[PDB]
Amino acid sequence: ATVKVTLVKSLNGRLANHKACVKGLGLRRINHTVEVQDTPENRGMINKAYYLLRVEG
Amino acid sequence: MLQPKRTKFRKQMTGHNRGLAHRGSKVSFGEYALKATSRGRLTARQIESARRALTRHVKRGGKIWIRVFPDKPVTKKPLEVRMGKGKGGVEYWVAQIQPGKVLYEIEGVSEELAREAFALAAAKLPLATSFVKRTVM
Amino acid sequence: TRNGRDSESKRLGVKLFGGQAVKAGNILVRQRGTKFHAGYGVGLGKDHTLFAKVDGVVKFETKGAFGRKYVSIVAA
Amino acid sequence: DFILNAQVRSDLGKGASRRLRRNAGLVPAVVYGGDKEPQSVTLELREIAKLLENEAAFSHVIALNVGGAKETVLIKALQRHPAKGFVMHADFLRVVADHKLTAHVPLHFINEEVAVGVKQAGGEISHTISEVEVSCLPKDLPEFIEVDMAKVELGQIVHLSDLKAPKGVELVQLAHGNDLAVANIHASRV
RNA sequence: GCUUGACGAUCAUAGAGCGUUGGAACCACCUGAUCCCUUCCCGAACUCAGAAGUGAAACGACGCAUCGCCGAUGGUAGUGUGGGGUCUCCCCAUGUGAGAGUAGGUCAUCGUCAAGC
RNA sequence: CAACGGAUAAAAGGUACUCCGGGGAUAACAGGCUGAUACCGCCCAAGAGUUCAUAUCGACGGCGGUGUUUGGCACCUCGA
RNA sequence: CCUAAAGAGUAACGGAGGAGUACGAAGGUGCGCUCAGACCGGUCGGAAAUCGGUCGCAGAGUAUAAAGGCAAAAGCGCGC
RNA sequence: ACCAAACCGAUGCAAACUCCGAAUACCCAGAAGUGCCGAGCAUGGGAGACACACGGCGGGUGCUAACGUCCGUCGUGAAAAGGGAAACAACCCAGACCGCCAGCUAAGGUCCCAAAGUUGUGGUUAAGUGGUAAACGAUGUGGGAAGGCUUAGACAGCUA
Ligand SMILES: [Mg+2]
Ligand SMILES: [Mg+2]
Ligand SMILES: [Mg+2]
Ligand SMILES: [Mg+2]
Ligand SMILES: [Mg+2]
Ligand SMILES: [Mg+2]
Ligand SMILES: [Mg+2]
Ligand SMILES: [Mg+2]
Ligand SMILES: [Mg+2]
Ligand SMILES: [Mg+2]
Ligand SMILES: [Mg+2]
Ligand SMILES: [Mg+2]
Ligand SMILES: [Mg+2]
Ligand SMILES: [Mg+2]
Ligand SMILES: [Mg+2]
Ligand SMILES: [Mg+2]
Ligand SMILES: [Mg+2]
Ligand SMILES: [Mg+2]
Ligand SMILES: [Mg+2]
Ligand SMILES: [Mg+2]
Ligand SMILES: [Mg+2]
Ligand SMILES: [Mg+2]
Ligand SMILES: [Mg+2]
Ligand SMILES: [Mg+2]
Ligand SMILES: [Mg+2]
Ligand SMILES: [Mg+2]
Ligand SMILES: [Mg+2]
Ligand SMILES: [Mg+2]
Ligand SMILES: [Mg+2]
Ligand SMILES: [Mg+2]
Ligand SMILES: [Mg+2]
Ligand SMILES: [Mg+2]
Ligand SMILES: [Mg+2]
Ligand SMILES: [Mg+2]
Ligand SMILES: [Mg+2]
Ligand SMILES: [Mg+2]
Ligand SMILES: [Mg+2]
Ligand SMILES: [Mg+2]
Ligand SMILES: [Mg+2]
Ligand SMILES: [Mg+2]
Ligand SMILES: [Mg+2]
Ligand SMILES: [Mg+2]
Ligand SMILES: [Mg+2]
Ligand SMILES: [Mg+2]
Ligand SMILES: [Mg+2]
Ligand SMILES: [Mg+2]
Ligand SMILES: [Mg+2]
Ligand SMILES: [Mg+2]
Ligand SMILES: [Mg+2]
Ligand SMILES: [Mg+2]
Ligand SMILES: [Mg+2]
Ligand SMILES: [Mg+2]
Ligand SMILES: [Mg+2]
Ligand SMILES: [Mg+2]
Ligand SMILES: [Mg+2]
Ligand SMILES: [Mg+2]
Ligand SMILES: [Mg+2]
Ligand SMILES: [Mg+2]
Ligand SMILES: [Mg+2]
Ligand SMILES: [Mg+2]
Ligand SMILES: [Mg+2]
Ligand SMILES: [Mg+2]
Ligand SMILES: [Mg+2]
Ligand SMILES: [Mg+2]
Ligand SMILES: [Mg+2]
Ligand SMILES: [Mg+2]
Ligand SMILES: [Mg+2]
Ligand SMILES: [Mg+2]
Ligand SMILES: [Mg+2]
Ligand SMILES: [Mg+2]
Ligand SMILES: [Mg+2]
Ligand SMILES: [Mg+2]
Ligand SMILES: [Mg+2]
Ligand SMILES: [Mg+2]
Ligand SMILES: [Mg+2]
Ligand SMILES: [Mg+2]
Ligand SMILES: [Mg+2]
């Protein structure tokens with residue numbers, strides 16, 4: 001259904017593709033959380049930037 | 001020493017020396033071999049220095065193979081010359097060595113004589129070596 | 001040094017890839033020789049340029065003897 | 001004597017196979033042949049290295065024990081680390097009563113010291129090859145093929161066609177119209 | 001469904017090599033060079049008029065893995081991202097993954113039309 | 001018009017007698033970085049030493065150290 | 001052509017070579033045809049001339065460097 | 001009794017070799033959401049700039065020397081303060097609208113200088129190794145798997 005995604009690392013100095021994956025989920029600032037639909041094309045943005053996020057499932 | 005009879009091109013780029021030796025890593029002709037365990041570079045005067053020391057020790061029978069051929073030319077820039085002004089001239093020929101490559105082989109002698117003949121050779125080479133024996137696989 | 005010469009690059013290669021929509025007159029490949037051959041609806045220029053003569057979609061199929069690479073236009 | 005213990009393997013890949021050789025001291029392997037599907041197994045590095053110190057390891061039938069079910073196999077190929085020399089992978093071939101199979105059999109050279117070319121002319125024996133590849137039924141696979149050099153003179157060459165083989169054994173290379181030198185007598189180096 | 005010709009689809013798992021076999025029809029060889037037509041010479045090839053002979057050559061069909069060509073599973077090499085080291089080179093986590101070789105396959109599979117059963 | 005986007009139809013030199021505007025954007029001296037070279041150690045041991053490799057030396061080859069020569073670079077200083 | 005990192009592009013007083021033309025047929029079209037080389041046999045030539053046969057299939061050729069192409073040959077000959 | 005094209009088999013190498021051949025990166029299309037309320041494109045007004053630096057990765061050159069030099073692609077400085085690396089543009093963490101004598105964390109740390117464990121469990125080192133270093137040398141010490149001899153008396157010592 002949905003999944004909790006939290007940003008736990010700074011976006012400074014990351015690849016421009018990884019910045020767009022965090023921005024394409026709606027995440028802005030460290031410790032900010034969003035509720036995104038569990039779609040196959042939402043998971044692809046989570047997997048590409050796995051090292052910057054925390055996924056509470 | 002050892003160098004090609006003729007080559008297509010005079011000079012060459014430096015390149016890189018990476019990877020292990022999955023080819024040329026078996027005892028294929030003799031019964032015992034000297035094998036490289038570290039990577040590096042052999043300059044065709046070390047190969048000749050190590051061939052005399054090995055052959056002078058056996059001095060009675062035995063066949064010897066050299067499995068390395070120095071075919072890469074390297075250049076040097078003369079002293080008191082600035083940077084630029086074209087590539088330098090070829091000074092000596094050299095071979096690329098990856099870990100696991102067999103350098104010398106011998107047969108027709110005992111294991112104890114070969115083992116101490118390969119120790120004299122290894123003292124002339126700038127890289128780590130080991131003693132190996134022929135196997136079926 | 002007696003070597004410092006070269007010529008300008010010619011910008012050769014594939015200009016439209018498989019599945020793209022084309023119009024008549026569009027240049028498909030820039031070549032020396034024929035790496036690719038003209039299939040259906042494709043013409044050949046005097047410098048071996050492949051161009052479209054109909055509207056459709058690029059195909060890029062390998063067929064026939066000789067193992068030749070063909071470029072053709074198909075229905076969209 | 002020739003027995004090996006194996007366990008079924010289920011985690012395949014480069015990363016999984018590297019963990020076997022660091023954490024557990026195991027060796028990846030595979031069993032194929034007969035009329036059955038291949039099967040990935042694991043086996044201890046210490047056990048495979050101990051069995052391979054024997055001479056006729058590659059020319060003898062080995063009883064493999066995968067789980068609790070035993071089966072008859074034969075070492076067909078073997079991957080080694082190019083530098084350190086230890087075994088990294090091994091594949092076995094299933095053995096069936098009526099089916100020709102190909103194996104590598106070592107050669108044994110006897111009575112070298114009493115050779116005519118050695119004691120008379122002062123020649124030296126040179127082994128050009130050390131093993132031959134044969135094809136035969138499993139029931140008559142020899143552990144080693146015999147070659148003698150008593151009646152060999154200086155300059156004489158021994159070929160594949162000269163040496164005799166056990167009944168029911170084919171030399172493969174001789175079958176393809178290509179006989180290769182095995183040994184010779186030549187003049188002294190110095 | 002059976003055999004032979006024409007045109008295709010597909011370009012070796014379809015090829016090469018060896019052996020056997022086919023003239024009822026078709027096809028091929030065949031006879032002659034008057035007549036259209038031809039050879040930088042030659043009816044060899046192209047062409048014309050059929051028809052006495054043969055399946056020899058060619059072509060087709062059927063067999064065999066000897067050569068060729070295809071070819072796994074597993075492992076290995078390389079590699080995108082993140083992180084380490086003793087940092088000319090490597091390792092770890094995660095995703096991806098050959099080439100060579102091994103077991104083994106292969107003496108093709110189809111469509112339209114016309115002549116005889 | 002090859003100095004090949006071609007200053008004009010038409011053009012070479014000297015300055016230690018020199019002068020102005022600038023530059024550590026760029027050389028010479030000294031400093032820095034590096035260490036090919038230089039110097040000093042060590043490894044192997046064919047051999048020399050009547051015999052005996054290491055008393056004393058040591059060929060063919062290998063590994064370092066020091067900033068110490070000849071160099072490489074152009075980071076500081078051309079309102080010295 | 002390489003460097004050039006499997007789309008394009010990409011620097012050095014980096015590594016290698018060519019051009020400043022040729023052709024009224026060396027262009028168009030119709031028709032027709034396949035090379036280099038090897039072996040055997042054959043008057044003076046004899047390893048290499050022209051002739052016959054088998055194999056070979058592109059290891060030849062392409063006005064001119066190198067790269068990419070070439071059987072509907074883009075290679076070769078004849079009529080218009 | 002020397003040399004030997006060619007062939008057969010075994011065995012290596014290649015920036016300007018290729019029977020093969022990735023990952024990634026590039027075009028194209030169709031879709032969900034996000035976008036600071038825009039991102040793209042076009043046309044006009046005004047510019048500045050065309051001396052770049054270091055770090056990682058792929059390379060040429062050099063000696064796979066240089067805080068050397070010449071490209072490709074990222075990051076930072078330029079034009080970026082704060083914390084850490086003793087000090088230390090370019091490294092690591094993190095992007096400062098203002099105020100607070102409130103709290104939680106990152107990199108890095110917790111004996112004293114100096115804020116926080118003289119914290120707990122199991123091992124190793126005796127070298128102040130830690131807190132600079134190569135070929136090569138050595139009965140330093142911990143662990144593992146195996147071997148050769150041995151009450152038919154092993155090894156060292158000694159009596160022949
Ligand atoms: Mg950061
Ligand atoms: Mg960063
Ligand atoms: Mg280089
Ligand atoms: Mg170019
Ligand atoms: Mg045209
Ligand atoms: Mg794998
Ligand atoms: Mg990995
Ligand atoms: Mg695989
Ligand atoms: Mg990485
Ligand atoms: Mg794989
Ligand atoms: Mg494969
Ligand atoms: Mg293959
Ligand atoms: Mg000019
Ligand atoms: Mg100009
Ligand atoms: Mg210009
Ligand atoms: Mg221009
Ligand atoms: Mg003017
Ligand atoms: Mg003047
Ligand atoms: Mg002045
Ligand atoms: Mg002034
Ligand atoms: Mg300066
Ligand atoms: Mg300047
Ligand atoms: Mg000076
Ligand atoms: Mg001074
Ligand atoms: Mg100075
Ligand atoms: Mg100085
Ligand atoms: Mg100076
Ligand atoms: Mg002496
Ligand atoms: Mg003395
Ligand atoms: Mg000084
Ligand atoms: Mg100096
Ligand atoms: Mg300066
Ligand atoms: Mg400068
Ligand atoms: Mg500079
Ligand atoms: Mg100063
Ligand atoms: Mg000054
Ligand atoms: Mg002043
Ligand atoms: Mg490119
Ligand atoms: Mg590229
Ligand atoms: Mg380019
Ligand atoms: Mg540029
Ligand atoms: Mg022409
Ligand atoms: Mg060509
Ligand atoms: Mg004509
Ligand atoms: Mg290549
Ligand atoms: Mg790519
Ligand atoms: Mg807003
Ligand atoms: Mg504007
Ligand atoms: Mg500039
Ligand atoms: Mg400026
Ligand atoms: Mg730049
Ligand atoms: Mg610059
Ligand atoms: Mg820079
Ligand atoms: Mg670099
Ligand atoms: Mg560089
Ligand atoms: Mg550098
Ligand atoms: Mg610089
Ligand atoms: Mg860079
Ligand atoms: Mg920046
Ligand atoms: Mg930073
Ligand atoms: Mg910063
Ligand atoms: Mg500035
Ligand atoms: Mg800062
Ligand atoms: Mg910024
Ligand atoms: Mg601070
Ligand atoms: Mg700071
Ligand atoms: Mg410090
Ligand atoms: Mg501080
Ligand atoms: Mg740090
Ligand atoms: Mg806290
Ligand atoms: Mg922490
Ligand atoms: Mg602490
Ligand atoms: Mg305190
Ligand atoms: Mg405290
Ligand atoms: Mg305690
Ligand atoms: Mg200390
Ligand atoms: Mg210390």
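Within every chain, numbering begins at 1; the chains are lettered A, B, ... in the order of the sequence lines, protein sequences first and strands thereafter.
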Pucker class of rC74(H), where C1'-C2'-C3'-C4' positive means north and negative means south: north
Footprint string (nucleotides 68-73 of chain F, 5' to 3'): B base within contact, S backbone only, - free, heavy atoms under 4.0 Å: --BSSS
Where protein sits on nucleotides 98-103 of chain E, one letter per nucleotide: B base, S sugar-phosphate only, - none, heavy atoms under 4.0 Å: ----SS
Ring centres under 6.0 angstrom apart (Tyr32(B), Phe131(B)): yes
Distance in Å, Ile30(A) CD1 paired with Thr6(A) OG1, rounded so as to fall on 0.5 Å steps: 12.0 Å
Separation of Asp162(D) CG from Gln156(D) CD (nearest 0.5 Å): 7.5 Å
Measuring to OP1 and OP2 of [N], would you say a side-chain N or O of [X] lies under 4.0 angstrom away?
X        : N       : result
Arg45(B) : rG61(F) : yes
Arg10(B) : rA16(G) : yes
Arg39(B) : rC90(E) : yes

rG71(F) vs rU34(F): Watson-Crick/wobble pairing, cut-off under 3.5 Å: yes
Complementary nucleotide of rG111(E), counting Watson-Crick and G-U pairs under 3.5 Å: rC7(E)
Listed nucleotide nearest any side-chain atom of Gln79(D), set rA94(H), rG62(H), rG74(E): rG74(E)
Charged tip of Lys9(A) within 45° of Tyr51(A) ring normal and under 6.0 Å: no
